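Structure below; questions to follow.
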Ligand SMILES: Cc1cccc2nc(Cn3c(=O)n(C[C@H]4CC[C@H](C(=O)NCc5ccccc5)CC4)c(=O)c4ccccc43)cc(=O)n12
Ligand SMILES: [Zn+2]
């Protein structure tokens with residue numbers, strides 16, 4: 001792989017920062033918690049920093065190109081990603097060519113941890129955890145990524161993003177919340193090199 005995983009200690013500001021971002025972005029979802037489960041907070045088991053020389057080279061190369069195409073600003077954002085492919089991603093990086101066989105074009109990120117949690121076991125939560133088939137499992141360890149995402153010039157729309165590529169002049173697409181539209185933001189990129197899987201978070205949802 002070339003990937004090293006570095007464990008962050010709970011007493012480190014960096015761990016605490018990531019956990020705070022995860023905990024403070026939990027929101028109530030319009031499915032009544034069906035996809036991701038019913039919870040008010042997570043139990044964070046472990047937070048690991050993902051290091052891979054080649055993946056970083058690719059991410060930094062693309063970031064420079066995007067910066068050049070966007071008035072010298074790459075417009076990086078930290079965003080959550082949840083999907084059943086976390087293990088592949090930390091070793092091989094993001095690969096947009098897998099967007100079809102996954103269930104979708106595009107790689108999707110959320111600014112709310114709880115939105116990404118809805119997707120960890122699949123679209124709509126799939127059938128939940130492998131062991132108990134429970135989308136609201138309080139026992140099984142879940143994983144999500146908190147990633148660096150190069151957004152460049154973002155195309156904003158108040159509708160669900162279903163495009164094949166970013167529009168001309170843009171590097172990402174954001175589906176924006178509105179009245180009678182989306183409830184939470186979703187961020188899409190169309191090239192794997194525009195995201196780096198920086199933090200791997202292992203966690204449980206907690207029963208209220
Ligand atoms: C509506 C919606 C809102 C907010 C978030 C959200 N998140 C997802 C996550 N998700 C997803 O992005 N895909 C497409 C990806 C294509 C890249 C692929 C990947 O990089 N694989 C790595 C790799 C490298 C080499 C070799 C093999 C593999 C990961 C999945 C999904 O297909 C997906 C599938 C199930 C659940 C969430 C998914 C979706 C979404 O609709 N979101
Ligand atoms: Zn379970």
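We count from 1, first residue shown onward.
Backbone N, Cα and C atoms are what each Cβ position is placed from, and that goes for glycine too.
Among the features that Swiss-Prot reports, Zn(2+) binding site is placed at 129, 132, 137, 140.
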Just to be sure I understand the packing, how many Cβ atoms besides its own are within 10 Å of the Cβ of residue 129 (Zn(2+) binding site)?
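Cβ-Cβ neighbours of residue 129 (Zn(2+) binding site) within 10 Å number 20.
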How many Å separate the Cα of residue 104 from the Cα of residue 105, given that the 2 residues between them are not modelled?
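The unmodelled segment spans a Cα gap of 6 Å.
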Apart from 129, 132, 137, 140, which residues in this chain have a Cβ no more than 8 Å from the mean position of the Cβ atoms of those residues at the Zn(2+) site?
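For the Zn(2+) site, the extra neighbours are 128, 130, 131, 133, 134, 138, 139.
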Over all shown protein chains, what is the count of other CB atoms within 10 A of the CB belonging to residue 132 (Zn(2+) binding site)?
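There are 13 such Cβ atoms around residue 132 (Zn(2+) binding site).
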Ten-angstrom check, please: count other Cβ atoms within 10 Å of the Cβ of residue 140 (Zn(2+) binding site), all chains counted.
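Its Cβ has 14 other Cβ atoms within 10 Å.
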